[PDB]
Amino acid sequence: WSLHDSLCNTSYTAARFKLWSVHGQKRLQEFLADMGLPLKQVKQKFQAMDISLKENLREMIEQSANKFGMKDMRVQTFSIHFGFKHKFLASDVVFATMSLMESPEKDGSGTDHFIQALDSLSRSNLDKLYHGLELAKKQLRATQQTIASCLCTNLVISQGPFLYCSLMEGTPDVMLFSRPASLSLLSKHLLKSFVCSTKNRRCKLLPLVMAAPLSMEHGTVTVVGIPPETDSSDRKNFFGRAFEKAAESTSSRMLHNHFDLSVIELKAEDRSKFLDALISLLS
Amino acid sequence: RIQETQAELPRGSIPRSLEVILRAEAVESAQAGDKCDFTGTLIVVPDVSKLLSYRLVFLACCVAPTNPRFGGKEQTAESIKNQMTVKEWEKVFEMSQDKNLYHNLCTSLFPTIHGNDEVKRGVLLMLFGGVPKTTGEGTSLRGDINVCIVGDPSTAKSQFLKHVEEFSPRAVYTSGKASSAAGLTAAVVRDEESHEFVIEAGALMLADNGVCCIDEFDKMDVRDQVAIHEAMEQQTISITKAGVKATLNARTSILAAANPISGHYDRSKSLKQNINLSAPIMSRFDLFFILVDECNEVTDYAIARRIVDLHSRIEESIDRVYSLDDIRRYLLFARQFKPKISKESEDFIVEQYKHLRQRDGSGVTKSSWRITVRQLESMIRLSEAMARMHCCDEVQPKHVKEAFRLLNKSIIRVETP
Amino acid sequence: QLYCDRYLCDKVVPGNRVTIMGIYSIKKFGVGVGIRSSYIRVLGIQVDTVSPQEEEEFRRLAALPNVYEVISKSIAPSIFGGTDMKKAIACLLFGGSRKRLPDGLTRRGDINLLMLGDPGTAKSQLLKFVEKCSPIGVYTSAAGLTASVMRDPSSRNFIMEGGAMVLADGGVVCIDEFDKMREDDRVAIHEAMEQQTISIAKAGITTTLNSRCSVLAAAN
Amino acid sequence: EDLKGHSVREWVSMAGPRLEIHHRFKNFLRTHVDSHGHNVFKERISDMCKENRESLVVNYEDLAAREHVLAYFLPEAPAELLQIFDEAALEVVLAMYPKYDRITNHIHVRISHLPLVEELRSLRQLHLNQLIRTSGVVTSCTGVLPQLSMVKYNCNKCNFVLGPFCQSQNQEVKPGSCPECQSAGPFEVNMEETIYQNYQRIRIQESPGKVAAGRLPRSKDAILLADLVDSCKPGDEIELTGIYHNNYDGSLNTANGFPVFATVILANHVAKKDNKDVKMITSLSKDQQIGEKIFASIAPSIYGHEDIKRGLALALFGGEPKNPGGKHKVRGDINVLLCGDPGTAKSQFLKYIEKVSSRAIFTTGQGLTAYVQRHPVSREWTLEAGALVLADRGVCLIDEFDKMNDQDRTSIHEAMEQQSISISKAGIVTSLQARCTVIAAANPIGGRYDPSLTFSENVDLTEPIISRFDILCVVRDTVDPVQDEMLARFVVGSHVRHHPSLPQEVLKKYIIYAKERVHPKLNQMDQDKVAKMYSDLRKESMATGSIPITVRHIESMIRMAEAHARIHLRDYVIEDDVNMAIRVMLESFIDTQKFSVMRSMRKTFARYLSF
Ligand SMILES: [Zn+2]
């Protein structure tokens, strides 16, 4: 990507900078101006940027991010070189594989994408990787256009002990997140943007629960549950028990099909019957 | 560049011209169309390309109008009431206080025209002018009234126009057969020196805030009566041409004279069938004076007497009160008020608009150029122009009654065998 | 303004989309005092957009029993009714064949169609479709249809303007409002459909232009 | 003392006063609060740096307040004070943003509203080399050409580059003889080290009605340098601020016969003068009865015609320009065509829509497409825009529709159902865009509309053109007594309060808002609610001498469907505004009918449709 389209889409600077509200979009402008990066080089692809700028980029960015309240900006990873022009960071292979396996447009059984993603890990197939990097882009530009919806419309309900949200089919690019695996990441980025956005002190420490429609014919939705967010969250989720006991109490129709327990398919009509009993159960 | 004045032209000759060079604080005294009077020195000028050939050039130092209408030195009631010399101001007051003034301006403006007492009045109310208003949105109401005359042959049509154009200052006179579209309104000319297209002012523009006298208005072409309507409607003149884009103001009042179709005015048809003007134009006038020469043996003695008198008394047969120089002063003074309307006069006006529509009512009679709304917006104008005349600052019933009687005699009833 | 070179010449045709990589620079042939001209010296160019196995999807489709209607059904999706007016249009896209008798007296190889009737905008759709789905095609309501002879400002003399029917080589030309076209132009289109070539003999112009196209006209 | 006995030009050029001025400007740049304790030149410089703009605005009045001596030195010798202020603002910014050197390394300070607004004809020789503020329309603009700024040649006999001379905009720079081989000859520029700068020349001229009272309008030249170029287009109304600089020309001397110099305004600041929160609008739209409340907000003066008010309001916001998925290109523009006897405020309906709308243009029918034109300034034979490409997204107000010419008629129809024009003119073969809604008014033949014939007779218009209009309103006249007072009183009163002794704020911001934040949807519950009407009415009309509602009327009805999505923010098709859509699409059809058919069809439908 370009250096500009990757600041507007990392769900760690798209939260701090609040790159969904015109009032704080100028923060990005000021951050760029404080480094001497022309607004015409920052918009161009990174491999074509001038050679005189990129000398100490990875330091003049870490510095000028202290002046804005972003001190965790350098991480520890690895990188690989094959030949003349082949240079990958270990978190590009991941975002490309993770999006070859979860492409929205389906072309057969459930095990047709799995094969194409297993293929793109050997060096003899650099034409799939280099292709699975155009899906991973298309996805990341169609996530900040949803977290921009549920935060310029306030669709995060404070239903008591946990937040709550839901989606609408009419919004564009909402059939992409229909899969019950590519929905956890959207929710986990939604929580990160929210906790940074809201002014309360209670909502900033409540776990989120999200539902989006799965099947129009069966009339069912998919539901997840993510731990209370923070900087040092232990990451020990607890919804696999809550949803189980709630469907047990209401005695509705549920499916714990996956391997992780915190993802369920639920009849569109048992939504409230389930949710109220869950509210009471978690208490 | 100046051109030989009119009263000096030797007969059968084209007028010469020379270059004058204003070179000081005097640098924009003379404008185009004026009749200034320059006073400097004649010099010779070489041809600097080869520095021979010489050419004469006038090097003016002072420039002033040739005949000042007010000999003091050359814009509200007080600025002008300052320049009024003692006799001037004791005469203007005397007139403004005069009663029956509205009958001593007619008898003193057109002294050699027997009859048509309902046309001189309209011409006067045209000269005084109404109140020009600007709506808050940005539009503008027309302030001055337009007047058209239509009649039989030899009924003193061109005589009203010649009188008005020789009396009034800054009023232009044009015929209809010998004009153009780009000559009335505004032109575009290539000055190759500057090699650019610039704007030339037309007869409707160099008569601004005055009167444009169009004789034989129905001889103009079909496309030349269109440009004049585009100006008579919005009071402006648009230009969109080679490299020019502009909008010019034109607040002239038009006095036009026309002839009925096929010589005589046929009194069994509406107006739209007796004249060949367009349809829109006939709506933008709001005062018509149809004249009919029903050969009266008693007039054919009066007119004869008057003409032979004038021709036996070259410079006499014109004795009238309020000499012509004085009326110009009174008219430059009394044209700086903005009379208002009292509530009773407003009630009177709406009642008169009620009593005018229904005369055109069905059944009993019939009339020509059916009455509409635009006749109402043209009754307040005549009342304001009547109030200006008596130097007052408000409209009274005494004015609106007369401004209604006049507009009532204007429209005639169609007839049928 | 660009400046192509040895092997970049004659690589693109007026009407193309490109992507130029050039050296923005200035003319050095040595309004204002120090003004220069500027061009882009092109040193890289691109263009934006038959097979054996593809041949078979033509073969079998030509061979299948109901080959006729399958096309005439999928050549006017929006407008419906009276497939004859769509049956005929199927042929104009293919056309007959050009024969040369021993005498060189060639024969036509195209067809002409008239769709008479009120202008109800039901036909403009069809014109647009047939123009879009044609190998070569132009839909016209400028210089004209046939050739003109116009007094050039520069030359002060008459020059020749081949209109549309000379640019459409084998293609198809669509026309609407067959009474609006200029009197001279309508005369010339009459002769052009008559002879299949346009030959103007006027002030300084005596040339011939082969008109090889198909007329799909809509009347009123 | 900062004022000694020299020339103001040469006082400031001395080292002492130069340094004093330099240090004086910094203290004002750093410390200047404005009525709230805000260092304005701390946030303003920031907002400049968040965009890479290299141009700082200095309002003159505050400079005069906080500084008494500089605001008097300034318009006397501004060719150097505006140079010193540059180096001051630089050292300020490079302190507030120490890396900004990577962005253009040079700052220009503009100056806003000197207190000496002036005319364009009153510039005399007193103002040579003095800062000046003026006004007027711009009537030309060349292209953005690059000009030398710091030239640098190279010798032809030694491969050594000569000195970096600077370029002044009066005379071509002149290099001497090579200090390395004394090879005085015709050097050529060195395109690699030379520095360039943008450049543009414009010809400004007096405003049309402002000062050009009884004379012709004068004009002047202006030169926009680097950051300013393309700040204004032919037709804009601007207000320059620039040194009034003269230079010698040899041609004028050979025409006028005297030594005469040309003049030009080196512009220093260009500020256009033209036409450029929801929480209320929420409940105001949720009134559920905004229809009546908005209808009587347009046509502010003209009484009556709440019929045509409805149609024109429908037109103003528009509809929805949906793209059909079958490649059919349905249009989303409502075109109206008034008609009626003279004297019924048609032209006023045009002129008020000129104002209330945005990006609107206007024309008469007595210039419709782009045409070749010899530029006033550049003297090149360019192509200029017509009158249907200046409404490429707004409205086009046609007047005197009848007076159009045959070429104009054959050119207007093309843009209705295609909305795209081709120009194979003497200039060059192009194909541009034109997406405008047409608002025109024709006239009745014979000086009066008479409803014995169909409307297609009294209009005097080609028949396939009337089909390209959605609404057909027919204006007429009335002699009813009770309304005579109603209209009179109104006009008379509007003449009482205009002379020198929903308001216009909600709906302008509302046509700005509601244009944007809605995207009406289309369900399929109305898809069969209409055909039950068509199957009847087609027979009802064809039975007599008429052509029933045809598809080009269903298209207009379905376009006006969304015409209320913009007023209500509803955006969902409901069986409610379908009662409105059908009602309107028949309203604009029963009137354009015959004598007894305009009433027979009424007796059927006006009672059938359950108005
Ligand atoms: Zn040398």
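Residues numbered from 1 in each chain as written, not as in the entry; some residues may be left out. Chains lettered and ligands numbered in written order. Part of a larger assembly, values for the part shown. Heavy atoms only, no water.

The deposited coordinates for this entry were obtained by cryo-EM, with a reported resolution of 6.77 Å.

Q: I would appreciate a short explanation of the interface of chain A and chain D in the present structure.
A: A common measure of how large an interface is: the accessible area buried when the components associate. Across the contact, twelve residues belong to chain A and eleven residues belong to chain D. Taken together, the two surfaces of chain A and chain D that pack against each other cover about 1,100 Å², and 55% of this comes from carbon and sulfur. Seen at the junction of chain A and chain D, the total is zero salt bridges. Between the two partners, chain A and chain D, sit five residue pairs in polar contact. Split by residue class, the side of chain A that touches chain D holds seven nonpolar, two polar and three charged. (Contact = heavy atoms within 4.5 Å. Buried area = accessible area lost by both parts, 1.4 Å probe. Salt bridge = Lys/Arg side-chain N within 4 Å of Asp/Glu carboxyl O. Polar contact = N/O pair within 3.5 Å; in protein donor to acceptor, adjacent residues only side chain to side chain. Nonpolar A, V, L, I, M, F, W, Y, C, P; charged D, E, K, R; others polar.)

Q: Teacher, can you tell me more about the state of the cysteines here?
A: Defined simply, a disulfide is a covalent bond joining two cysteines at their sulfur atoms. All names here are of chain D. Per the counting criterion, the structure on display carries zero disulfides over all chains. Among the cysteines around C396, which has no disulfide bond, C436 carries the closest sulfur, lying 5.2 Å off. We classify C396 as buried; its relative accessible area is 1%. (Disulfide = S-S within 2.5 Å. Buried < 20%, exposed > 50% of the residue type's maximum accessible area, 1.4 Å probe, protein only.)

Q: Please explain the coordination of the zinc ion as it appears in this structure.
A: In ideal tetrahedral geometry, four donors around a metal make angles of 109.5 degrees, whereas ideal octahedral geometry with six donors gives angles of 90 or 180 degrees. All names here are of chain D. Donor atoms from the polypeptide that bind the zinc ion are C155 (SG), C158 (SG), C178 (SG) and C181 (SG), placed at 2.2 to 2.3 Å. Around the zinc ion sit four donor atoms; with metal-centred angles ranging over 104 to 113°, the donor geometry is tetrahedral. Mapping the donors of the zinc ion onto the primary sequence gives the spacing C-x2-C-x19-C-x2-C. Remark: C181 occurs in the loop between β5 (153–154) and β6 (188–189) and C155 occurs in the loop between β5 and β6; sequence separation between them is 26 residues. (Donors = N, O, S within 2.8 Å, 3.2 Å for Na, K, Ca; no water. Tetrahedral: all angles 85-135°; square planar, octahedral: opposite > 155°, others 65-115°. Helix = DSSP H or I, 4+ residues; strand = E, 2+ residues; numbered from the N terminus.)

Q: Explanation requested: the UniProt feature "binding site: ADP" in chain D in the structure shown.
A: According to UniProt, the feature "binding site: ADP" maps to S347 and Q348 of chain D in the numbering used here. Assignment of secondary structure puts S347 of chain D in helix α11 (residues 346–356). Setting aside residues no more than four positions away along its own chain, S347 of chain D makes contact with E233 of chain B together with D399 of chain D. (UniProt positions renumbered as here; feature names shortened; annotations may be inferred.)

Q: Help me out: how do you make sense of a positive patch on the surface in this one?
A: A surface patch of like charges, here positive, comprises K18, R27, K199 and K204 of chain A. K204 of chain A sits in the partly exposed class, given a relative accessible area of 34%. (Patch = residues over 30% accessible without salt bridge, like charges linked within 9 Å, V, L, I, M, F, W, Y side chains within 5 Å. Areas by Shrake-Rupley, 256 points an atom, 1.4 Å probe, with all protein chains shown as cover. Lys, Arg positive; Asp, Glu negative; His and termini not counted. Charge placed at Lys NZ, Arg CZ, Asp CG, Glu CD.)

Q: Any chance you could explain the sheet that holds strand β6 (residues 220–226) of chain A here in plain terms?
A: Pairing between sheet strands relies on hydrogen bonds along the backbone, with the strands arranged either parallel or antiparallel. All names here are of chain A. Within the open sheet, the six strands sit side by side as β3-β4-β5-β6-β8-β7. Their pairing is mixed. Each end of this open sheet is capped by a strand with a single partner; those strands are β3 (157–158) and β7 (254–255). Pairing of strand β4 (residues 163–166) with strand β5 (residues 208–215) involves two bridges; the strand directions are parallel. By the bridge assignment, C165 is partnered in β5 with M210. (Pairing = 2+ DSSP bridges.)

Q: Help me understand the arrangement of the chains in this model?
A: For this structure, the chain pair with the highest number of contacts among three pairs of chains in contact is chains B and D. At the C-alpha level, the nearest point of chain A lies 34 Å from chain B, with no contact between them.

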